[PDB]
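Asks: What follows is final.tsv, TSV, C-alpha atoms and all ligand atoms.
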```tsv
chain	number	residue	atom	x	y	z
A	1	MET	CA	15.04	18.47	-4.60
A	2	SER	CA	13.89	15.38	-6.63
A	3	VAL	CA	11.77	12.44	-5.40
A	4	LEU	CA	12.40	8.86	-6.50
A	5	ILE	CA	9.34	6.59	-6.13
A	6	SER	CA	9.91	2.90	-6.87
A	7	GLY	CA	7.10	0.85	-8.41
A	8	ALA	CA	5.29	3.87	-9.79
A	9	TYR	CA	2.56	2.04	-11.74
A	10	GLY	CA	1.12	0.71	-8.48
A	11	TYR	CA	-2.44	1.41	-7.36
A	12	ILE	CA	-1.11	3.29	-4.35
A	13	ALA	CA	2.01	4.75	-5.96
A	14	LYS	CA	-0.13	6.43	-8.65
A	15	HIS	CA	-1.94	8.40	-5.94
A	16	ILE	CA	1.42	9.22	-4.33
A	17	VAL	CA	2.64	10.63	-7.65
A	18	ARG	CA	-0.59	12.59	-8.00
A	19	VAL	CA	0.09	14.20	-4.62
A	20	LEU	CA	3.81	14.74	-5.27
A	21	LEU	CA	2.92	16.67	-8.42
A	22	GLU	CA	0.09	18.57	-6.76
A	23	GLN	CA	2.84	19.99	-4.54
A	24	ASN	CA	5.13	20.82	-7.46
A	25	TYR	CA	7.81	18.16	-6.87
A	26	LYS	CA	10.11	16.69	-9.52
A	27	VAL	CA	9.22	12.99	-9.54
A	28	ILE	CA	11.24	10.05	-10.89
A	29	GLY	CA	9.09	6.92	-10.89
A	30	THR	CA	10.51	3.47	-11.57
A	31	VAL	CA	8.62	0.98	-13.69
A	32	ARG	CA	9.12	-2.50	-15.09
A	33	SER	CA	9.02	-1.77	-18.84
A	34	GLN	CA	9.04	1.04	-21.43
A	35	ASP	CA	5.52	-0.07	-22.37
A	36	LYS	CA	4.46	1.26	-18.96
A	37	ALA	CA	6.85	4.27	-18.76
A	38	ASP	CA	4.90	5.51	-21.78
A	39	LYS	CA	1.32	4.75	-20.59
A	40	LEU	CA	1.90	6.71	-17.36
A	41	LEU	CA	3.48	9.86	-18.81
A	42	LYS	CA	0.50	10.29	-21.18
A	43	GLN	CA	-1.88	9.92	-18.22
A	44	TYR	CA	-0.07	12.41	-15.96
A	45	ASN	CA	0.99	14.67	-18.82
A	46	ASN	CA	3.41	16.55	-16.59
A	47	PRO	CA	6.90	17.89	-17.42
A	48	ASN	CA	8.16	17.15	-13.86
A	49	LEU	CA	7.56	13.40	-14.20
A	50	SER	CA	10.48	11.28	-15.45
A	51	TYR	CA	10.88	7.46	-15.47
A	52	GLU	CA	13.65	4.90	-15.14
A	53	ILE	CA	13.37	1.25	-16.13
A	54	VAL	CA	13.84	-1.28	-13.32
A	55	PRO	CA	12.34	-4.55	-14.63
A	56	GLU	CA	13.18	-6.66	-11.61
A	57	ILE	CA	14.03	-5.29	-8.16
A	58	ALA	CA	15.32	-8.65	-6.93
A	59	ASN	CA	18.09	-8.62	-9.57
A	60	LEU	CA	21.66	-7.72	-8.70
A	61	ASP	CA	22.31	-4.02	-7.95
A	62	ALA	CA	18.81	-3.29	-9.37
A	63	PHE	CA	18.76	0.45	-8.48
A	64	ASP	CA	22.44	1.39	-8.98
A	65	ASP	CA	21.90	2.86	-12.50
A	66	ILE	CA	19.28	5.30	-11.24
A	67	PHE	CA	21.84	6.62	-8.74
A	68	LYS	CA	24.76	6.86	-11.17
A	69	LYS	CA	22.52	8.98	-13.40
A	70	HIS	CA	20.24	11.02	-11.09
A	71	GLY	CA	22.67	10.77	-8.13
A	72	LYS	CA	23.20	14.36	-7.10
A	73	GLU	CA	19.54	15.39	-7.60
A	74	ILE	CA	17.50	12.89	-5.50
A	75	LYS	CA	16.83	14.23	-1.97
A	76	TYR	CA	13.86	12.02	-0.99
A	77	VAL	CA	13.06	8.37	-1.80
A	78	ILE	CA	9.74	6.49	-1.58
A	79	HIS	CA	10.35	2.73	-1.84
A	80	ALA	CA	6.88	1.36	-2.64
A	81	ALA	CA	7.91	-1.56	-4.88
A	82	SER	CA	6.95	-4.92	-3.38
A	83	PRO	CA	5.00	-7.82	-4.92
A	84	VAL	CA	1.32	-8.17	-4.13
A	85	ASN	CA	0.00	-11.51	-5.34
A	86	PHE	CA	-2.73	-13.47	-3.57
A	87	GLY	CA	-2.44	-16.46	-5.94
A	88	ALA	CA	1.35	-16.78	-5.92
A	89	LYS	CA	2.58	-20.34	-6.56
A	90	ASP	CA	6.33	-19.91	-6.02
A	91	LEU	CA	6.24	-18.30	-2.58
A	92	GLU	CA	9.98	-17.67	-2.12
A	93	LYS	CA	10.48	-16.43	-5.72
A	94	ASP	CA	7.10	-14.66	-6.13
A	95	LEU	CA	6.97	-12.83	-2.75
A	96	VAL	CA	9.73	-13.08	-0.22
A	97	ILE	CA	12.90	-12.74	-2.33
A	98	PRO	CA	11.90	-9.56	-4.18
A	99	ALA	CA	10.45	-7.99	-1.02
A	100	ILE	CA	13.80	-8.47	0.72
A	101	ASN	CA	16.34	-8.16	-2.10
A	102	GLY	CA	14.43	-5.24	-3.63
A	103	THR	CA	14.79	-3.38	-0.37
A	104	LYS	CA	18.50	-4.26	0.14
A	105	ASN	CA	19.17	-3.08	-3.42
A	106	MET	CA	17.36	0.21	-2.90
A	107	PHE	CA	19.28	0.84	0.32
A	108	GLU	CA	22.70	-0.45	-0.77
A	109	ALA	CA	22.27	1.77	-3.86
A	110	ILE	CA	21.81	4.84	-1.64
A	111	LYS	CA	24.94	3.77	0.29
A	112	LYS	CA	27.14	3.48	-2.82
A	113	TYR	CA	26.33	6.49	-5.07
A	114	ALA	CA	24.39	8.93	-2.82
A	115	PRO	CA	25.27	8.42	0.86
A	116	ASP	CA	25.34	12.13	1.74
A	117	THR	CA	22.57	13.36	-0.60
A	118	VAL	CA	19.45	11.30	0.12
A	119	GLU	CA	17.86	12.97	3.12
A	120	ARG	CA	14.79	10.80	3.73
A	121	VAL	CA	13.42	7.39	2.82
A	122	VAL	CA	9.78	6.42	3.12
A	123	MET	CA	9.13	2.70	2.84
A	124	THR	CA	5.75	1.01	2.31
A	125	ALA	CA	5.92	-1.74	4.90
A	126	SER	CA	2.54	-3.09	6.05
A	127	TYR	CA	-0.13	-3.72	8.65
A	128	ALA	CA	1.15	-7.25	7.86
A	129	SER	CA	4.50	-6.50	9.55
A	130	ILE	CA	2.60	-5.56	12.75
A	131	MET	CA	-0.48	-7.81	13.03
A	132	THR	CA	-0.50	-11.51	13.86
A	133	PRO	CA	-2.33	-13.05	10.82
A	134	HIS	CA	-3.97	-16.01	12.56
A	135	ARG	CA	-5.04	-13.87	15.57
A	136	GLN	CA	-6.91	-11.17	13.66
A	137	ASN	CA	-10.19	-12.35	15.20
A	138	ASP	CA	-8.77	-12.25	18.76
A	139	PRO	CA	-9.96	-9.08	20.59
A	140	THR	CA	-7.54	-9.55	23.53
A	141	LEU	CA	-4.66	-8.71	21.20
A	142	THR	CA	-3.90	-4.98	20.89
A	143	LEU	CA	-1.70	-3.71	18.05
A	144	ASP	CA	0.34	-0.53	18.17
A	145	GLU	CA	3.33	0.98	16.33
A	146	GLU	CA	5.88	-1.10	18.24
A	147	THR	CA	4.13	-4.45	17.57
A	148	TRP	CA	5.67	-6.99	15.16
A	149	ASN	CA	4.46	-10.04	13.27
A	150	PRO	CA	6.27	-12.84	15.16
A	151	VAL	CA	6.48	-14.99	12.01
A	152	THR	CA	9.82	-16.78	11.60
A	153	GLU	CA	11.51	-18.05	8.46
A	154	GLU	CA	10.59	-21.67	9.42
A	155	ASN	CA	6.79	-21.24	9.71
A	156	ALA	CA	6.37	-18.34	7.22
A	157	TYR	CA	5.42	-20.47	4.20
A	158	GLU	CA	2.44	-22.15	5.91
A	159	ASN	CA	0.28	-20.71	3.13
A	160	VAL	CA	0.13	-17.73	0.70
A	161	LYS	CA	-1.26	-15.38	3.37
A	162	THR	CA	1.44	-16.15	5.93
A	163	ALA	CA	3.98	-15.85	3.09
A	164	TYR	CA	3.10	-12.37	1.81
A	165	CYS	CA	2.91	-11.09	5.38
A	166	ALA	CA	6.28	-12.62	6.20
A	167	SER	CA	7.67	-10.97	3.07
A	168	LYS	CA	6.58	-7.53	4.31
A	169	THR	CA	7.89	-8.35	7.76
A	170	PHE	CA	11.41	-9.56	6.79
A	171	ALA	CA	11.90	-6.71	4.32
A	172	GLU	CA	11.17	-4.29	7.11
A	173	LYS	CA	13.61	-5.95	9.53
A	174	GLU	CA	16.34	-5.58	6.84
A	175	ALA	CA	15.56	-1.90	6.44
A	176	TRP	CA	15.91	-1.16	10.16
A	177	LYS	CA	18.87	-3.56	10.46
A	178	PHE	CA	20.51	-1.53	7.71
A	179	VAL	CA	19.82	1.81	9.35
A	180	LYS	CA	21.35	0.77	12.67
A	181	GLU	CA	24.46	-0.74	11.13
A	182	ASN	CA	25.23	2.18	8.81
A	183	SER	CA	23.82	5.22	10.69
A	184	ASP	CA	27.33	6.80	10.63
A	185	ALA	CA	27.93	6.20	6.88
A	186	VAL	CA	24.60	7.37	5.36
A	187	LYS	CA	22.53	10.46	6.14
A	188	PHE	CA	18.98	9.39	5.29
A	189	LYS	CA	16.35	8.83	7.95
A	190	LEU	CA	13.95	5.94	7.55
A	191	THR	CA	10.18	6.18	7.96
A	192	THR	CA	7.95	3.09	7.41
A	193	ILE	CA	4.24	3.17	6.55
A	194	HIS	CA	1.87	0.35	7.49
A	195	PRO	CA	-1.45	0.34	5.68
A	196	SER	CA	-4.13	-2.28	6.26
A	197	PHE	CA	-6.41	-3.44	3.38
A	198	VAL	CA	-6.18	-0.41	1.10
A	199	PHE	CA	-9.46	0.39	-0.62
A	200	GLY	CA	-10.37	3.41	-2.72
A	201	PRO	CA	-10.83	4.52	-6.32
A	202	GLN	CA	-8.14	4.10	-8.98
A	203	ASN	CA	-6.18	7.28	-9.48
A	204	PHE	CA	-7.16	7.22	-13.19
A	205	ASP	CA	-10.67	6.37	-14.41
A	206	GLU	CA	-9.25	4.44	-17.40
A	207	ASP	CA	-7.42	2.04	-15.04
A	208	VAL	CA	-10.82	0.57	-14.08
A	209	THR	CA	-10.27	-2.75	-15.87
A	210	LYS	CA	-12.16	-6.09	-15.66
A	211	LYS	CA	-9.78	-7.15	-12.88
A	212	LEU	CA	-8.23	-4.57	-10.50
A	213	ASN	CA	-5.21	-4.70	-8.19
A	214	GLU	CA	-5.39	-7.40	-5.52
A	215	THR	CA	-7.23	-5.62	-2.66
A	216	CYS	CA	-9.60	-3.47	-4.70
A	217	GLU	CA	-10.44	-6.62	-6.71
A	218	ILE	CA	-12.09	-7.75	-3.47
A	219	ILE	CA	-14.66	-4.99	-4.01
A	220	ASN	CA	-14.71	-5.30	-7.79
A	221	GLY	CA	-15.41	-9.05	-7.59
A	222	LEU	CA	-18.18	-8.58	-5.03
A	223	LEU	CA	-19.86	-5.85	-7.07
A	224	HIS	CA	-20.09	-8.06	-10.15
A	225	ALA	CA	-20.86	-11.23	-8.21
A	226	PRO	CA	-24.06	-13.13	-9.06
A	227	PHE	CA	-27.00	-12.39	-6.73
A	228	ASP	CA	-27.01	-15.48	-4.46
A	229	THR	CA	-23.23	-15.82	-3.88
A	230	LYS	CA	-22.16	-16.57	-0.29
A	231	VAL	CA	-20.89	-13.36	1.34
A	232	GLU	CA	-18.79	-13.67	4.50
A	233	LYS	CA	-20.38	-11.56	7.26
A	234	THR	CA	-17.76	-12.44	9.89
A	235	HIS	CA	-15.04	-9.90	10.69
A	236	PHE	CA	-12.25	-10.02	8.13
A	237	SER	CA	-9.63	-7.28	8.61
A	238	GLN	CA	-8.86	-3.54	8.79
A	239	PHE	CA	-9.02	-1.04	5.91
A	240	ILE	CA	-7.58	2.39	5.09
A	241	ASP	CA	-8.38	4.76	2.19
A	242	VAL	CA	-5.72	4.90	-0.56
A	243	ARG	CA	-5.94	8.71	-0.59
A	244	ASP	CA	-5.01	8.76	3.13
A	245	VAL	CA	-2.05	6.47	2.33
A	246	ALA	CA	-0.73	8.71	-0.43
A	247	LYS	CA	-0.89	11.85	1.69
A	248	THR	CA	0.85	9.95	4.47
A	249	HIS	CA	3.79	8.84	2.35
A	250	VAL	CA	4.59	12.39	1.25
A	251	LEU	CA	4.20	13.73	4.78
A	252	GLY	CA	6.63	10.91	5.64
A	253	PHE	CA	9.59	12.77	4.13
A	254	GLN	CA	8.35	16.31	4.93
A	255	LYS	CA	7.54	16.47	8.65
A	256	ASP	CA	10.59	16.24	10.99
A	257	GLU	CA	8.36	14.62	13.60
A	258	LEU	CA	7.93	11.48	11.41
A	259	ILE	CA	11.62	10.43	11.54
A	260	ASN	CA	12.24	6.85	12.76
A	261	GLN	CA	8.49	6.20	12.98
A	262	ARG	CA	6.36	3.20	12.11
A	263	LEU	CA	3.03	4.65	11.02
A	264	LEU	CA	0.08	2.31	11.46
A	265	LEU	CA	-2.78	3.00	9.03
A	266	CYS	CA	-6.10	1.42	9.96
A	267	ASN	CA	-9.44	3.17	10.16
A	268	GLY	CA	-12.15	0.50	10.58
A	269	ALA	CA	-13.00	-3.17	11.00
A	270	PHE	CA	-15.00	-4.66	8.13
A	271	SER	CA	-16.53	-7.82	6.68
A	272	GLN	CA	-17.40	-8.67	3.07
A	273	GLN	CA	-21.09	-8.18	3.87
A	274	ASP	CA	-20.36	-4.70	5.32
A	275	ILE	CA	-18.94	-3.70	1.91
A	276	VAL	CA	-21.94	-5.22	0.07
A	277	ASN	CA	-24.34	-3.17	2.21
A	278	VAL	CA	-22.74	0.00	0.80
A	279	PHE	CA	-23.68	-1.28	-2.68
A	280	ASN	CA	-27.31	-1.62	-1.64
A	281	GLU	CA	-27.44	1.52	0.52
A	282	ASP	CA	-25.89	4.06	-1.90
A	283	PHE	CA	-27.23	2.66	-5.20
A	284	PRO	CA	-30.69	1.37	-4.24
A	285	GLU	CA	-31.88	1.33	-7.88
A	286	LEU	CA	-29.48	-1.56	-8.72
A	287	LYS	CA	-30.87	-4.02	-6.13
A	288	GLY	CA	-30.65	-7.49	-7.70
A	289	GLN	CA	-27.46	-6.94	-9.78
A	290	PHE	CA	-25.13	-7.87	-6.89
A	291	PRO	CA	-25.53	-9.76	-3.59
A	292	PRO	CA	-28.18	-8.54	-1.13
A	293	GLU	CA	-28.11	-6.39	2.03
A	294	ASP	CA	-27.79	-7.99	5.49
A	295	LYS	CA	-27.17	-5.98	8.67
A	296	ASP	CA	-26.37	-8.82	11.11
A	297	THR	CA	-22.63	-8.47	10.53
A	298	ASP	CA	-19.85	-8.82	13.08
A	299	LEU	CA	-19.29	-5.06	12.62
A	300	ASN	CA	-22.84	-3.99	13.64
A	301	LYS	CA	-22.86	-6.47	16.58
A	302	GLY	CA	-19.76	-4.58	17.83
A	303	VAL	CA	-17.27	-7.32	16.83
A	304	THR	CA	-14.08	-5.85	15.36
A	305	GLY	CA	-11.45	-8.49	16.12
A	306	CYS	CA	-8.10	-7.35	17.46
A	307	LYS	CA	-7.66	-3.80	18.73
A	308	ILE	CA	-5.78	-1.04	16.93
A	309	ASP	CA	-3.89	1.42	19.10
A	310	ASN	CA	-2.81	3.85	16.39
A	311	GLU	CA	-3.33	6.99	18.46
A	312	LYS	CA	0.33	8.02	18.17
A	313	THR	CA	-0.01	7.66	14.41
A	314	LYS	CA	-3.21	9.70	14.10
A	315	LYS	CA	-1.81	12.48	16.32
A	316	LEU	CA	1.50	12.69	14.43
A	317	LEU	CA	-0.17	12.80	11.00
A	318	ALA	CA	-2.74	15.37	12.16
A	319	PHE	CA	-5.34	14.84	9.37
A	320	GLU	CA	-8.57	12.86	9.69
A	321	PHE	CA	-8.80	9.52	7.86
A	322	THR	CA	-11.58	8.69	5.43
A	323	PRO	CA	-14.67	6.83	6.71
A	324	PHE	CA	-15.31	3.30	5.40
A	325	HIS	CA	-18.66	4.32	3.91
A	326	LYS	CA	-16.98	7.02	1.81
A	327	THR	CA	-14.06	4.83	0.68
A	328	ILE	CA	-16.25	1.96	-0.49
A	329	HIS	CA	-18.76	4.32	-2.15
A	330	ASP	CA	-16.06	6.17	-4.13
A	331	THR	CA	-14.41	2.90	-5.20
A	332	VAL	CA	-17.79	1.55	-6.32
A	333	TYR	CA	-19.08	4.72	-8.00
A	334	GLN	CA	-15.94	4.96	-10.17
A	335	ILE	CA	-16.43	1.45	-11.49
A	336	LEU	CA	-20.19	1.61	-12.10
A	337	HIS	CA	-19.77	5.05	-13.64
A	338	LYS	CA	-16.92	3.92	-15.92
A	339	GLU	CA	-19.32	1.11	-16.90
A	340	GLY	CA	-22.18	3.62	-17.53
A	341	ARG	CA	-24.59	2.05	-15.01
A	342	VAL	CA	-25.05	5.36	-13.08
B	401	LIG	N1	-2.94	-3.07	-1.59
B	401	LIG	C1	-2.92	-2.93	-0.27
B	401	LIG	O1	-3.95	-2.95	0.37
B	401	LIG	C2	-1.62	-2.77	0.47
B	401	LIG	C3	-1.65	-2.87	1.85
B	401	LIG	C4	-0.47	-2.72	2.57
B	401	LIG	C5	0.71	-2.48	1.90
B	401	LIG	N2	0.73	-2.39	0.56
B	401	LIG	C6	2.02	-2.12	-0.08
B	401	LIG	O2	1.90	-1.03	-1.00
B	401	LIG	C7	2.81	-1.17	-2.10
B	401	LIG	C8	2.05	-1.11	-3.43
B	401	LIG	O3	1.04	-2.13	-3.44
B	401	LIG	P1	-0.29	-2.01	-4.33
B	401	LIG	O4	-1.46	-2.38	-3.45
B	401	LIG	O5	-0.25	-0.67	-5.03
B	401	LIG	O6	-0.16	-3.20	-5.42
B	401	LIG	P2	0.40	-3.05	-6.94
B	401	LIG	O7	-0.62	-2.32	-7.78
B	401	LIG	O8	0.87	-4.41	-7.40
B	401	LIG	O9	1.71	-2.14	-6.74
B	401	LIG	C9	3.02	-2.70	-6.75
B	401	LIG	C10	3.79	-2.15	-7.93
B	401	LIG	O10	5.14	-2.61	-7.81
B	401	LIG	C11	5.46	-3.36	-8.98
B	401	LIG	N3	6.30	-4.54	-8.67
B	401	LIG	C12	5.94	-5.63	-7.95
B	401	LIG	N4	6.98	-6.49	-7.88
B	401	LIG	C13	8.02	-5.95	-8.55
B	401	LIG	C14	9.41	-6.34	-8.87
B	401	LIG	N5	9.91	-7.51	-8.43
B	401	LIG	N6	10.15	-5.48	-9.61
B	401	LIG	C15	9.66	-4.30	-10.06
B	401	LIG	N7	8.40	-3.88	-9.81
B	401	LIG	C16	7.55	-4.66	-9.08
B	401	LIG	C17	4.15	-3.78	-9.61
B	401	LIG	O11	4.26	-3.99	-11.01
B	401	LIG	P3	3.63	-5.33	-11.66
B	401	LIG	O12	2.14	-5.21	-11.39
B	401	LIG	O13	4.03	-5.16	-13.11
B	401	LIG	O14	4.28	-6.47	-10.90
B	401	LIG	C18	3.24	-2.63	-9.27
B	401	LIG	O15	3.33	-1.65	-10.32
B	401	LIG	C19	3.52	-2.48	-1.84
B	401	LIG	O16	4.77	-2.18	-1.21
B	401	LIG	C20	2.61	-3.25	-0.91
B	401	LIG	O17	3.32	-4.21	-0.11
B	401	LIG	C21	-0.40	-2.52	-0.16
```
Show this structure as C-alpha cells.

Replies:
Amino acid sequence: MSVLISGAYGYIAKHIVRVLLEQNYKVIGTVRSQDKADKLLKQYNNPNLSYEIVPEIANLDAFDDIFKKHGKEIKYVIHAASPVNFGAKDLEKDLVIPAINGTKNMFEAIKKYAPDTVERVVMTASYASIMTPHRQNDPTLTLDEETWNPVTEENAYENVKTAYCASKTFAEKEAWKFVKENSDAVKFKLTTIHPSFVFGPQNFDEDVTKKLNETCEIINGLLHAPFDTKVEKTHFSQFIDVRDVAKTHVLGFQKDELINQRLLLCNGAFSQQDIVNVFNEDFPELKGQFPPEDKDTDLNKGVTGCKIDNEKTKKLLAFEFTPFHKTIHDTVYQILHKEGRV
C-alpha cells in the first residue's frame, strides 16, 4: 500500500505529499539530489516519508532502480515530474525531451519490474494539453475533457509558450498510447489531471523565497513590483488553487469512478490587474507599495476568453473548488506575513 510520487520537491507535489500523509499513506517521493532529499524530510518530519534519488528523468531507464528496490510495495503512482521553465533556451532539451522520456521511463519501469502490482497511475498532464494556446482569447471555442491541443511536432517550437504546452501534450499522448498498446500486459489504470495556472500558498512557509516557482512568481513579482508598472488588464488565462489540485491527485487513485478520465481543473478567468486588485482590496493599509487598483478589467466587463466545460470533472470530483479571491489572498498573505509586513 505505498505511493510513489515523482518530482516531490515541486510546488504542487509538496501539497500532494501533505495530503497523502494526512491520510496515513506511506509515501516515496523522488528528488533530484540528496541535498533536497534531506531538506524535505526535516520539513515533513514524518516516519512514513522515504526518498529515492532520480537526478534526471530523461536519462536511460531513470526509474528502474526504484522498482527493483520498492517493487512489491508500490500500489499507486503519482507521476508529477515535468519541467516548468518559462525562460528555457534549449526548448527540445529543456522541456520536450524530459516531459516525454520521463513519462516513458516511468511507464516502462512499471512494465518491467511491477506489471501486476501497480494498481493506479495519476499523471499531472495540463490545461496546456487541452487548450489551444493562441485561441485563449476566443470565446467561440469551448474546452472540455475530450479536447486536445492540436499542436504538431513541426509548429510546436514557435516560441517558449507553444513549446512547454506541446511538451505537456506529447507526453500525454505517449501515456495513453502506452496504455492502449499494453492494456493486456500491465494492470494499472491511468488517470490524467489538467490544471490551469496553479496559484496558492507554498506548502511550507520557509519556501517563500525571493523568487518562487514559475506560476506563483507571477503573483510574487506583481506584489513587489514598483508602483507605476504597466499591469495587463486584458484576459490572460484560467487558474486553479493548488490545494484543489493536491486533493484531486489523491482522489485520482482512490475513487473507481476516476479511471480513464482526463480531469480538467479550471475555476476562473483572470487578468494581471484582477490579481493586483486583491492586493489593494484585502490589504488596504499597504496602498502605494505595489501597483494600484483598477476595476475596468476584462473579467468585470464579463470577458473570460474561451469557455470551460468542466462539468463532468466537477461532478466526478464532488468537492467545491476554491474561489479566486481566496487563492490570491492566501498566496499573498503568506508572503507578506513571512516578510513581516502584516
Ligand atoms: N505550476 C502550474 O501552474 C502547473 C499547471 C499545470 C500543470 N503543472 C504540472 O505540475 C507538475 C509540477 O509543476 P510545478 O508547478 O510544481 O513546478 P515545479 O515546482 O518545478 O515542480 C516540478 C518538480 O519536478 C522537478 N523536475 C523538473 N524536471 C525534472 C527532471 N528532468 N528530472 C527530475 N526532476 C525534475 C523539479 O525540480 P527542479 O526544480 O530541481 O527542476 C520540481 O521539483 C508538472 O508536471 C507541471 O507540468 C503545473

Asks: Would you list the residues that come within 9 Å of ligand LIG 401 (chain B)? Count only C-alpha atoms and all ligand atoms and give the answer as a PyMOL selection string.

Replies: chain A and resi 6-14+30-33+36+54-59+62+79-85+94-95+97-99+102+123-128+164-165+167-168+193-199+212-216+239-240+242+265

Asks: Using CA of residue 250 in chain A and CA of residue 107 in chain A as the two end points, give the distance in Å to one decimal.

Replies: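 Taking CA of residue 250 in chain A and CA of residue 107 in chain A, their separation equals 18.7 Å.
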
Asks: Taking 3 positions as the minimum chain separation for residues in the same chain, which residues sit within 9 Å of residue 111 in chain A when counting only C-alpha atoms? Answer as an NGL selection string.

Replies: :A and (106-108 or 114-116 or 182 or 185-186)

Asks: Neighbouring residues of residue 192 in chain A were defined as those with any atom within 9 Å, considering only C-alpha atoms; residues of the same chain fewer than 6 positions away were excluded. Please report them as a ChimeraX atom specification.

Replies: /A:121-126,172,249,252,260-264

Asks: Export C-alpha atoms of the chosen residues as a PDB file, in the frame of the given file?

Replies:
```
ATOM      1  CA  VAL A 121      13.420   7.390   2.820  1.00  0.00           C
ATOM      2  CA  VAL A 122       9.780   6.420   3.120  1.00  0.00           C
ATOM      3  CA  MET A 123       9.130   2.700   2.840  1.00  0.00           C
ATOM      4  CA  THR A 124       5.750   1.010   2.310  1.00  0.00           C
ATOM      5  CA  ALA A 125       5.920  -1.740   4.900  1.00  0.00           C
ATOM      6  CA  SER A 126       2.540  -3.090   6.050  1.00  0.00           C
ATOM      7  CA  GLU A 172      11.170  -4.290   7.110  1.00  0.00           C
ATOM      8  CA  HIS A 249       3.790   8.840   2.350  1.00  0.00           C
ATOM      9  CA  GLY A 252       6.630  10.910   5.640  1.00  0.00           C
ATOM     10  CA  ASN A 260      12.240   6.850  12.760  1.00  0.00           C
ATOM     11  CA  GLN A 261       8.490   6.200  12.980  1.00  0.00           C
ATOM     12  CA  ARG A 262       6.360   3.200  12.110  1.00  0.00           C
ATOM     13  CA  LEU A 263       3.030   4.650  11.020  1.00  0.00           C
ATOM     14  CA  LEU A 264       0.080   2.310  11.460  1.00  0.00           C
TER      15      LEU A 264
END
```

Asks: Neighbouring residues of range 325-339 of chain A were defined as those with any atom within 12 Å, considering only C-alpha atoms; residues of the same chain fewer than 2 positions away were excluded. Please report them as number ranges by chain.

Replies: A: 197-212, 215-224, 239-244, 267-270, 272, 274-283, 286, 289-290, 321-323, 341-342

Asks: If I take CA of residue 312 in chain A and CA of residue 259 in chain A, how far is one from the other in Å, to one decimal?

Replies: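 Interatomic distance here is 13.3 Å.
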
Asks: Quick one: of A:92, A:144, A:293, A:285, who's nearest to residue 306 in chain A, counting only C-alpha atoms?

Replies: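 Looking only at the distances to residue 306 in chain A, the closest residue turns out to be A:144.
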
Asks: Please determine, counting all atoms listed in the file, which residue among A:288, A:29, A:150, A:87 has the shortest atom-to-atom distance to residue 16 in chain A.

Replies: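 Among the listed residues, the smallest separation from residue 16 in chain A belongs to A:29.
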
Asks: Given all atoms listed in the file as the basis, pick out the residue of A:311, A:184, A:119, A:158 nearest to residue 74 in chain A.

Replies: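 Checking each of A:311, A:184, A:119, A:158 against residue 74 in chain A, counting all atoms listed in the file, the winner is A:119.
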
Asks: Report, in Å to a single decimal, how far apart CA of residue 235 in chain A and CA of residue 152 in chain A are.

Replies: 25.8 Å

Asks: With all atoms listed in the file as the atoms that count, which of A:317, A:96, A:308, A:1 lies nearest to residue 140 in chain A?

Replies: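 Under the stated criterion, the closest residue is A:308.
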
Asks: Here is a test: counting only C-alpha atoms, which residue of A:314, A:42, A:69, A:233 is nearest to residue 297 in chain A?

Replies: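 Among the listed residues, the smallest separation from residue 297 in chain A belongs to A:233.
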
Asks: Residues proximal to (19.5, 6.1, 5.6) were defined as those with any atom within 7 Å of that point in the file's coordinates, counting only C-alpha atoms. Which are they, as a list in words?

Replies: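 Answer for this query, in the requested form: residues 120, 121, 179, 183, 186, 187, 188, 189 and 190 of chain A.
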
Asks: When you count all atoms listed in the file, which of these residues is closest to residue 166 in chain A: A:236, A:178, A:324, A:148?

Replies: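 Result for the nearest residue to residue 166 in chain A: A:148.
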